[PDB]
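Labels run A, B, C, D and E following the written order; every chain starts at residue 1.
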Amino acid sequence: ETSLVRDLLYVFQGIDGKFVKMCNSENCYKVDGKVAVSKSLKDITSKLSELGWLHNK
Amino acid sequence: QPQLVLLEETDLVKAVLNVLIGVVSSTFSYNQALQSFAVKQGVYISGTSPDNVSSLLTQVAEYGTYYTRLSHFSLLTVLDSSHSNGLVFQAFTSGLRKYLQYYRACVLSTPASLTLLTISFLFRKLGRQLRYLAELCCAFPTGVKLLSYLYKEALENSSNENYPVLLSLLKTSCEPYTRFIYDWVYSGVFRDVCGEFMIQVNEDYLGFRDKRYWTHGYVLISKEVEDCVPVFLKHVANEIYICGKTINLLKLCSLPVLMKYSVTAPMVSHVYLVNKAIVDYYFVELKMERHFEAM
Amino acid sequence: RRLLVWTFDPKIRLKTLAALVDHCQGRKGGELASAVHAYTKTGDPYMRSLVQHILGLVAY
Amino acid sequence: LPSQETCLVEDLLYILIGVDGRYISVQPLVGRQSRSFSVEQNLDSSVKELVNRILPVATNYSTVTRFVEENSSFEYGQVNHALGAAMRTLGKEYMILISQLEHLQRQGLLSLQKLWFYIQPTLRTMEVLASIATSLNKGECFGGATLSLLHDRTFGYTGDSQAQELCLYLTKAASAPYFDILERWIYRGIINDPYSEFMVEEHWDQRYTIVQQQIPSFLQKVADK
Amino acid sequence: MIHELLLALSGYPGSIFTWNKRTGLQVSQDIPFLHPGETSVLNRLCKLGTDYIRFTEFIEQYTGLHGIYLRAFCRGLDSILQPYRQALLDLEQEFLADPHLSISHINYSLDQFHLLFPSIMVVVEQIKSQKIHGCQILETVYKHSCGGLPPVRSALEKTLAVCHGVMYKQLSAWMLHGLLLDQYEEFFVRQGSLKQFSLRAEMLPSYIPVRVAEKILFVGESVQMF
């Protein structure tokens, strides 16, 4: 929860924070490598992927 | 025939919860060959009260059987997975899917269940409704005939919880048809590219002026059975015809019958309002009485 | 979800800056003045105020 | 079983954003124009049919994101550049509803059936933006025959009046640069076309200057007038 | 055997209580864990589940002869199973608070249904043996609600009140437009500028006075000719 709130600020400042997102083009999509957690964070971290890619541009 | 010792009662109130939404439980096995739910036959649970759930759970699984038909029907008629069904056939489902989420909001509120009677008696009124609301379309009426089946079914009051939901289905399924009414009487544009309503071209020869159209026939050529919408489409359907013929002659030079009767006389009023414009348009262009004296 | 709507308001701000960066790969003036005047001809004074700011600044 | 369900709802949440999931891997057809999802093995076919009815909303989301990121390769002055960027605003709005679904994921209240009821209004919205985006990609229509194609897609939609209201907003955002170029040609007489944005011939017995290269979607009397 | 008897009460088959569908029963008591007294009451408890599936066949035939009042009689009958099915779920939490309670309280709740369920089963059997069609089900239920049994006389008045609402629909729509909304001509007004209309005695209720029938007919015939 809060660790994802910290993870979004670092790609808002620049390039990836907690984990490696390996994508500098078409969006900086976030990979957690977890399947037992919900699907719900993947869309949210997809939207913060967009805004981090927008500020990298 | 004996199978094994009893399960728990709290496992029963969760298994009836799954068959209502359309999901198999540990005791429910959906059979695609019959499109029905199947409980195990014998002493497996069957009732902590001896052999009673063996019959009561079949009454609610059969009640759960009709719900997965309506969700099956709604997914197969959408025009993102099919391209052979009508727009009026699609609009009947659009009102059905609003009834599906009311079923989903009600099944999600049944915890905490006490016993199997407290849930089936809450859905005893809903049990009569779902049994009606599935097999009206299962015959196979389509489009305007499906619109004709639903108006008859909304006409079947002495039901007071089944009447407003079919009144709402008449309100939604007539939305594409009434959209094709006012574009035809105000400009004369035919709008649907694929519909249950038959399409005529109205091709006019340039050489002969005969009636600005030179052939029309009818799309309902001789039977003329325009059905089940307001006025009942027995006279005004012949005159939304002729005022639709003459609007583009201007161009290029408590009861389901009472609310039906409330749309009816406005549809009588505007055809007479378009008919009194083409009488004035004949007055200003023909000058017919001087030609009448000349003959 | 609350941080979504506090970042949905930059999502109007930075995305019309992304339409600004797609038009001009070059840095030569003159064609930059024809670029931002093709963005002030659009209505909707949300980014039209922002493209008027640079239209006072590329003209300067 | 419920821990494996909360396993699933996070894997569902990963594919709503357009991100590769945890136990759902994505196999690209030609580069994820159409996504063939590989979900993990089942020990229960009950939850397999629950995720099976959810994945068409990410199939339709993959087509529109493929097309609006193809608009960056459409980087010219054309009506497709303004249409898909307005589709990115609808994709921006689609991400608001998921972030509220994630804001509902702040504690355990959701199952596979619960969010499937919440994806129902956005399913028909995503499937009509899917059929528009694949039809603009096949023939590669350009300009006003584009507007003729969207108008047949509006005519083919006729019915579901709440959702022809959305693609009515889609076709007028596409016609929004097509109308700003017209007032210079109809009220000033001098045209400003970046790359064949309007139909024009260049301007004694000079020539006809008859032109129909865009084909405005309405009848033929306006294009001569 | 708590769950076995609530679910023998819902009407579904077993292999101890073998049931084919909707009409036939074999008792099959070679059972070791019930007593010879306790199978006699399961036959008393099955007779209240036998008429409950003699009831759903009356639903699916009409919902899902003919007439517009046959399914008007159907949303009368769903209200008599509704506290029945409400009582089926209150027995469910009885089996969860303590799963050791024996069957006599379940016998006790079904002695309460013992005078509601045959008393409506004798009604539908008298309905289907006269081969009734139209308004004369409503007159059959009116002399059935002429009877007493104070829980049951309200129940045959609730089944009376819902198909009187379909009667209430008819003379409301007939007096607004003059439109005869009938498909199987199930109304006493029948088409016999003026466009004469006529009466019908078999579709007229006899508790409505006979001299009232032309007051809706002839005024409704005269609103039809406009």
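Annotations for the structure displayed:
Rule of thumb we're sticking to: a residue touches a chain if its C-beta (ideal position, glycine included) is under 8 Å from a C-beta of that chain, and two chains touch if they have at least 3 such contacts.
Top-ranked chain pair, ordered by C-beta pairs in contact, is B-E.
Distance between Cα centroids is largest for the pairing of chain E with C.
When each chain is reduced to the mean of its CA atoms, the one lying nearest the mean of all protein CA atoms is B.
Once the centre of each chain is set as its mean CA position, chain A and chain D turn out to be 23 Å apart. Annotation: 71 Å between the Cα-based centres of chain C and chain E. Chain A and chain B, compared by their mean Cα positions, are separated by 45 Å. For chain A, the set of residues that touch two or more other chains comprises 44, 47, 50.
In chain E, no residue reaches two or more other chains under the touch definition. Pairwise, the chains that make contact are A-C, A-D, B-D, B-E, C-D. Those residues of chain C that touch chain D in the complex are listed here as 1-2, 4-5, 8, 11, 15, 19, 22, 38, 41-42.
Listed in rising order, the residues of chain B touching chain E in the complex are 1, 6-10, 12-13, 39, 41-43, 45-60, 66, 113-125, 127-128, 131-132, 134-136, 138, 152, 155-162, 232, 254-258, 260-261, 264.
Looking at the complex, you find that chain D touches chain A at residues 3-4, 6-24, 40, 69, 72, 92, 95, 98-99, 101-102, 104-106, 110, 115. Residues of chain D that touch chain B in their complex: 45-46, 49-50, 53, 60, 113-114, 117, 120, 124, 127-128, 130-131, 152, 155-161.
By the touch rule above, chain D contacts chain C in their complex via residues 72, 75, 77, 85, 88-89, 92, 95-96, 99-100, 102-104, 176-177, 180, 194.
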